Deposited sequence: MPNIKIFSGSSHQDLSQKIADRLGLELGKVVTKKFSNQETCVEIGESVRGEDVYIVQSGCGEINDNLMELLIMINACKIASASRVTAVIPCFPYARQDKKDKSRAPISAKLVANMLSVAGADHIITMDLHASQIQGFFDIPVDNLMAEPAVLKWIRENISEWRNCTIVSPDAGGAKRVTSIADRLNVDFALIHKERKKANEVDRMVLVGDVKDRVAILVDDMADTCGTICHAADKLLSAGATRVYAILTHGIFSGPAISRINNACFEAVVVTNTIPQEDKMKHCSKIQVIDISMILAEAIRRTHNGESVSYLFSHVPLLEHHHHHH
């Protein structure tokens, strides 16, 4: 009575999750008008079932969001017992504050939309701001890629016992210090004032830029330069979410990175073809395990410092 569904034809990640759970993705008939008006038809009964919808990695965020919302609605009015939105990369999460302007808090709006659509539960990975859990009243499991980042570092960087973890901005301080303390190394921090300022020791050390997401990568590319200018031996970038829109791929190919590491919360395959610097940590097993635990009523906190 567990049933996993996928957003659009970007099955990829959702298929991996389903394989790991010993399941097939449920049937969904998607008819799509040219104005992008999305039609959905759940091709099997979800009556009384524990349902999980994994949002697409299609790219177009608003299409993906509506598809998700529509699919949640269809399952709720078809008497699903529970509907969980598995959203590896939370959309509009950078729009989580007003920030001295007459701005929407779009991430709160997205949380409200998910709630009124009928979501009972959220499974996500590395919310841009932890506080976003509080934008909901339903429970949220905010999974961490940290355990998998720590393990990647230990296994792929020989100098890890002597590296420096660098935040590309002031916001990311906590995230880097927590990784630096766990590994028992230093941290450093960059701040854009168009000028960057680095505080902290990177001289003669491997520098690992750690962030929750990279988009156009103008920031990490510029931070990489600064770090080499400050005497870092080489520079790595580890992001959980690899958006990589616009010139990001061109930016990374021209950059002085030794590697750019991301998870597959966003589909990376086509980006990789055109970019040899990209390596992907598979997090499908962390997503599958959180679903399995959710379903069984078993501890998921164990997924916060364990790689299943």
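No alpha-carbon coordinates exist for the deposited sequence positions 1-2, 196-202, 318-326, given here in order along the chain.
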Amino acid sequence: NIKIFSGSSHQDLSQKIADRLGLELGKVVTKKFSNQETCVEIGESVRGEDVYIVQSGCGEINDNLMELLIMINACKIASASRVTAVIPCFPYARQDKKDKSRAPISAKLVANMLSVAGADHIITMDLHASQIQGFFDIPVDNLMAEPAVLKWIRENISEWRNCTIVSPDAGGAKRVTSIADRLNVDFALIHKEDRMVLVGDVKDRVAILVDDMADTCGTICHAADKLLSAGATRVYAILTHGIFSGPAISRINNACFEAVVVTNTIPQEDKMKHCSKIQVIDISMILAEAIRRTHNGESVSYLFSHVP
From here on, numbers count along this sequence of modelled residues.
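Judged by mean Cα B factor in the deposited record, 9-17 ranks above the other of 9-17 and 286-294.
When 85-93 is weighed against 200-208, 200-208 comes out higher, by mean CA B-factor as recorded in the entry.
When the C-alpha B-factors of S101, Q133, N73, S106 are read from the PDB record, the largest value belongs to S101. When the C-alpha B-factors of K192, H128, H121, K226 are ranked from the entry, the top spot goes to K192. In the deposited entry, the Cα temperature factor of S45 sits in the bottom third of values across the chain's modelled residues. Per the deposited record, the Cα B-factor of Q279 falls in the middle third when ranked against the other modelled residues of its chain. Sort the modelled residues of the chain by CA B factor and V28 lands in the highest third. Compared with the other modelled residues of the chain, the Cα B-factor recorded for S245 ranks in the middle third.
Annotation for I61: C-alpha temperature factor in the middle third relative to the rest of the modelled chain, per the entry.
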